[PDB]
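Remarks on the structure that follows.
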Amino acid sequence: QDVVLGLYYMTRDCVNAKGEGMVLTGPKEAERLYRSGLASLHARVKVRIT
Amino acid sequence: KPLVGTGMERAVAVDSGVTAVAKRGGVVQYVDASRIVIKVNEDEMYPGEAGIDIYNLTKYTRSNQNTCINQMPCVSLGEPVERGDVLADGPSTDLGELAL
Amino acid sequence: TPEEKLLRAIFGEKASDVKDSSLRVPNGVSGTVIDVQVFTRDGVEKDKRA
Amino acid sequence: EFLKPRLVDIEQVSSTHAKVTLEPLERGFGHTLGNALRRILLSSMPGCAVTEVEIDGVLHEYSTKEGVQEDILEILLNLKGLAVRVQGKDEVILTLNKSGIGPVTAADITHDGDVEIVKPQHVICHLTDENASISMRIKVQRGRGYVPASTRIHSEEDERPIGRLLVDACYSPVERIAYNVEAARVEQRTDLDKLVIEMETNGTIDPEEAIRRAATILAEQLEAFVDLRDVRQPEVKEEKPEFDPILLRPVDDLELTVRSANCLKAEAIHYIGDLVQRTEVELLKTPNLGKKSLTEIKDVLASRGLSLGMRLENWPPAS
Amino acid sequence: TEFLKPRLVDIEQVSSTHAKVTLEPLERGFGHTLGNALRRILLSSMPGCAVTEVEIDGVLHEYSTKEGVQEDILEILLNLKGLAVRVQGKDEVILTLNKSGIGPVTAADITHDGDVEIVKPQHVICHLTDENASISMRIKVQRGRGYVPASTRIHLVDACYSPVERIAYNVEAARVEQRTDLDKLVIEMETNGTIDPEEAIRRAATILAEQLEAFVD
Amino acid sequence: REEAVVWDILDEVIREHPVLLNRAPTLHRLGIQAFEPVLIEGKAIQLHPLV
Amino acid sequence: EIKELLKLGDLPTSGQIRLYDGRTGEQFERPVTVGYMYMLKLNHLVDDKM
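Protein chains in written order, with the entry's author numbering: chain H, 504 to 553; chain V, 697 to 796; chain X, 896 to 945; chain Y, 7 to 325; chain U, 6 to 160, 172 to 233; chain C, 403 to 453; chain R, 1194 to 1243.
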């Protein structure tokens, strides 16, 4: 229960937030992006993934 | 004591024997963590034998469930107590209120 | 028994005619003694402490 | 290629609480040092705190004093909160007396070169009978963080003074710490931040004193974070004791008479490894030891299995 | 009064670029405090040289097309941020991409300059299609004690200065003989290769320590 | 004596040595499950949340 | 009446505030409720059960 609210709130999106629309190399700098208060956890974004 | 209560706590505290309740209104002559002596007011006082109601407090002692049941004085030296006032709190009762 | 016998003899204990039955405190539980009572049979001589 | 901060106005506001400021702070280091200082300041700060207490005619916490309105248990609980400061000393034993129908404040104690009663209104208890009278040995150590009455018995080794009533020790002086980094514009430089660290004390630490020991520890820690030697311990301890291990125990263990007890104190014999190898020849020559006095030593040595006067070409090995 | 510094610390590193350090036993609460604080400095303020701006050869806009390349303009910016740059005496260098023909432009296919060191010549910059297909441009590296977005440049590439690609600290319970609960601190880091994980931290910490030079006694 | 030496031992004897945990109504086979023991201060059992 | 009494305290009506994690020092997204709830210890104390 706790844990699923967690993944959901994590992988969920809102309309407009910090980070809206930027582009990233891969998840590694996605976290670097968030931890440092630049991006909202849930913000619509194009990233390179493998 | 409950920050948030409903109002019975005062009712329960007294009616349950746990607390020590003033028999007759008067003033406190003596306060020891052990006992409480009340000099009765004249109005309530019987003519002969005069004096005072003396309440001896229960100190640290075993409960049925092995909890500890101990009375404490909640009034101060030379304070007015009216008939039916809280003279000392039991365990898990504060200032006349029920505090579980 | 034998080997028990030889042991009492090597370390010199006077193996008693009396067992140890003393009331001792229960494992793990620890506190302050706040009272002692002695209940004595009607007609037994009261000990020192009693 | 970097800057470095330092502390401007440390503004006291009460004996209990002050707001110290930190001005040369670069981007977000405001929160970097700010949280991490809250974390050292709320724990790792020294404090002296009342530890044990002997009281007059009182055996243990669960009793009542005759003519006082607190129950002993409570009275120890008033002392847990007895704020104090001492300087050169590391455990002082204050003393309290007073009689007469009178509220006994933390004042009514007796001063020492080192003792500062940072709050002498502090109520310790109340007397209630003209010639009701109390005395006590309040004992105050100084240490770090929370050392609860319970953990204090492992050394034991005879805390027999039954009238000694250990209280839990809340050794600290921080109450709550609360930083905020409001952006401070030093006249030129893009944006550097301020760090108003607000705090709340028991009175017994002076804010600047604190904040330094705080960085002190932060340093000492990181000190090994710099380099990283993969360091380890040698370990692999020894599985070979030579003699019987009894020879490493102290002579108290022999549960012997006082006169013979100090005799081996004085003739230099702590460990039974030395009492074993000292004959009767050695002992009449020893200060205050006769036929009654030594008959004593051959009976306990007899019952434990050992003897007087022997050898071991090897005593004692080897750490 | 007197404090606790750790013992036993096996930095068990996978590859040269990646590393996992375990380090016990810390005082209580000291895992997180040191862990988070070194994380902040490792992430946000760590001196590095990445790429900030690029002037193109063919077209004047970030929404245009180059003839001969399947990689979009936003795409190649991404490949750039992931190129690892380390400068020497030089505070800012700019390089020329001179290469053309039937296939991908690696970083050995970059101009080799004096105070320039490319940690990955293998690094794929872009692909080159058929025939000829022309490509040369000048790309200006910038210096900073951070990670600076394309957007933060108001008067264009996200500048990923700090060598740290990723940081985490995990705090778990460590037992010291007769102490119940101490912290055991596990730091795990990945780098852009320009500095090995083992040192990044030394200096990452060195920086933090430098700020306390105003307090210690 | 609860000598301090033993704890370093117990960790040995504990290690690869599963224990069984079982809760009140044993209903499906998953009512008993085996885990690898990790030493704890406190008189409580710590039970992994997914189970 | 509850909110009205929250005014006089000089406290938000949300009953919620912003809070910060003691560890990372950073803020918690969203307001969380904080308040005072009278709470009991029942005597199913662990060291009687173990």
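By construction, the Cβ of each residue, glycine as well, lies at the ideal position given by its N, Cα and C atoms.
Enumerate in chain order the residues of its own chain whose CB-to-CB distance from residue i is below 6 Å, with the five nearest sequence positions on each side excluded.
i, result
"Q18 of chain Y", "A24"
"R150 of chain U", "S50 and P52"
"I99 of chain U", "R143 and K145"
"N737 of chain V", "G721 and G722"
"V733 of chain V", "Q725, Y726, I748 and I750"
"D781 of chain V", "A718"
"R158 of chain Y", "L172"
"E122 of chain Y", "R91"
List the residues of chain V whose Cβ lies closer than 9 Å to the Cβ of residue i, in chain order.
i, result
"residue 333 of chain Y", "Because chain Y spans 7 through 325 in this model, residue 333 of chain Y falls outside it and cannot be assessed."
"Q127 of chain Y", "Under the 9 Å cutoff, chain V gives no residues; its nearest Cβ is about 17 Å from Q127 of chain Y."
Would you check if the distance between the CB atom of residue i and the CB atom of residue j is smaller than 8 Å?
i, j, result
"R44 of chain U", "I183 of chain U", "yes"
"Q147 of chain Y", "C54 of chain Y", "yes"
"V306 of chain Y", "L253 of chain Y", "no"
"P420 of chain C", "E404 of chain C", "no"
"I16 of chain Y", "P213 of chain Y", "yes"
"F35 of chain U", "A221 of chain Y", "no"
"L201 of chain Y", "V187 of chain Y", "yes"
"residue 165 of chain U", "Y177 of chain U", "In the model shown, chain U runs from 160 to 172 with nothing in between, leaving residue 165 of chain U without coordinates."
"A89 of chain U", "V124 of chain U", "yes"
"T134 of chain U", "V74 of chain U", "yes"
"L31 of chain Y", "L198 of chain Y", "yes"
"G311 of chain Y", "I905 of chain X", "yes"
Starting from the C-beta of residue i, find all residues in its chain whose C-beta is less than 8 Å away, skip the five residues before and the five after it, and write them out in chain order.
i, result
"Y1213 of chain R", "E1219, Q1220 and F1221"
"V14 of chain U", "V26, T27, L28 and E29"
"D120 of chain U", "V92, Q93, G94, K95 and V98"
"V173 of chain Y", "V56, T57, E58, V59, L82, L83, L85, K86 and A155"
"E793 of chain V", "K697, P698, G701, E705, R706 and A709"
"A42 of chain Y", "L224"
Distance, Cα to Cα, residue i vs residue j?
i, j, result
"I78 of chain Y", "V110 of chain Y", "14 Å"
"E940 of chain X", "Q932 of chain X", "16 Å"
"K86 of chain U", "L510 of chain H", "29 Å"
"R219 of chain Y", "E7 of chain U", "11 Å"
"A189 of chain U", "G40 of chain U", "14 Å"
"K1196 of chain R", "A175 of chain Y", "41 Å"
"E418 of chain C", "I442 of chain C", "17 Å"
"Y277 of chain Y", "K271 of chain Y", "10 Å"
"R919 of chain X", "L791 of chain V", "40 Å"
"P921 of chain X", "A910 of chain X", "26 Å"
"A729 of chain V", "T70 of chain Y", "7 Å"
"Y756 of chain V", "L65 of chain Y", "14 Å"
"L47 of chain Y", "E67 of chain Y", "33 Å"
"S925 of chain X", "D1240 of chain R", "12 Å"
"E534 of chain H", "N760 of chain V", "58 Å"
"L1199 of chain R", "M1230 of chain R", "15 Å"
Find the residues of chain R that neighbour residue i, judging by a C-beta separation of less than 9 Å, and give them in chain order.
i, result
"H37 of chain U", "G1215, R1216 and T1217"
"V771 of chain V", "Result: empty, since nearest Cβ-Cβ is about 25 Å, beyond 9 Å."
List, in chain order, every chain U residue whose beta-carbon is nearer than 8 Å to that of residue i.
i, result
"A406 of chain C", "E193 and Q194"
"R538 of chain H", "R44, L48 and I183"
"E418 of chain C", "Correct list: empty, because the minimum Cβ distance to chain U is about 19 Å."
Between residue i and the rest of its own chain, which residues show a CB-CB distance below 7 Å, the 5 nearest in sequence each way excluded?
i, result
"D114 of chain Y", "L102 and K104"
"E248 of chain Y", "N320 and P323"
"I107 of chain U", "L133 and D135"
"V287 of chain Y", "none"
What does residue i touch in chain R if you count any residue whose Cβ is under 7 Å from its own?
i, result
"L796 of chain V", "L1233"
What does residue i reach in chain U if we use C-beta pairs closer than 7 Å?
i, result
"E414 of chain C", "What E414 of chain C touches in chain U: nothing, since even the nearest Cβ is about 14 Å away."
"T528 of chain H", "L83, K86 and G87"
"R551 of chain H", "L83"
By the criterion of Cβ-Cβ separation under 8 Å, what are the contact partners of residue i in chain R?
i, result
"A426 of chain C", "In chain order: nothing, as chain R lies at least about 14 Å away."
"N41 of chain U", "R1216, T1217 and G1218"
Using a C-beta to C-beta distance shorter than 9 Å, which residues of chain U count as neighbours of residue i?
i, result
"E532 of chain H", "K86, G87, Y152, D174, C176, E181 and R182"
"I217 of chain Y", "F231"
For residue i, go through chain Y and note every residue whose CB falls closer than 8 Å to its CB, in chain order.
i, result
"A709 of chain V", "Per Cβ cutoff of 8 Å: no residues; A709 of chain V is ~20 Å from chain Y at best."
Requested in this report: Determine contact between the region 237-245 of chain Y and the region 55-62 of chain Y, defined as no fewer than three beta-carbon pairs at a distance below 8 Å.
Outcome: no
Report task. Could you tell me whether the region 130-146 of chain Y touches the region 95-103 of chain Y, using the rule of 3 or more Cβ pairs below 8 Å? Result -> yes
Query raised in the report: If you pair each beta-carbon of the region 701-715 of chain V with each one of the region 777-787 of chain V, do three or more pairs fall below 8 Å?
Result: yes
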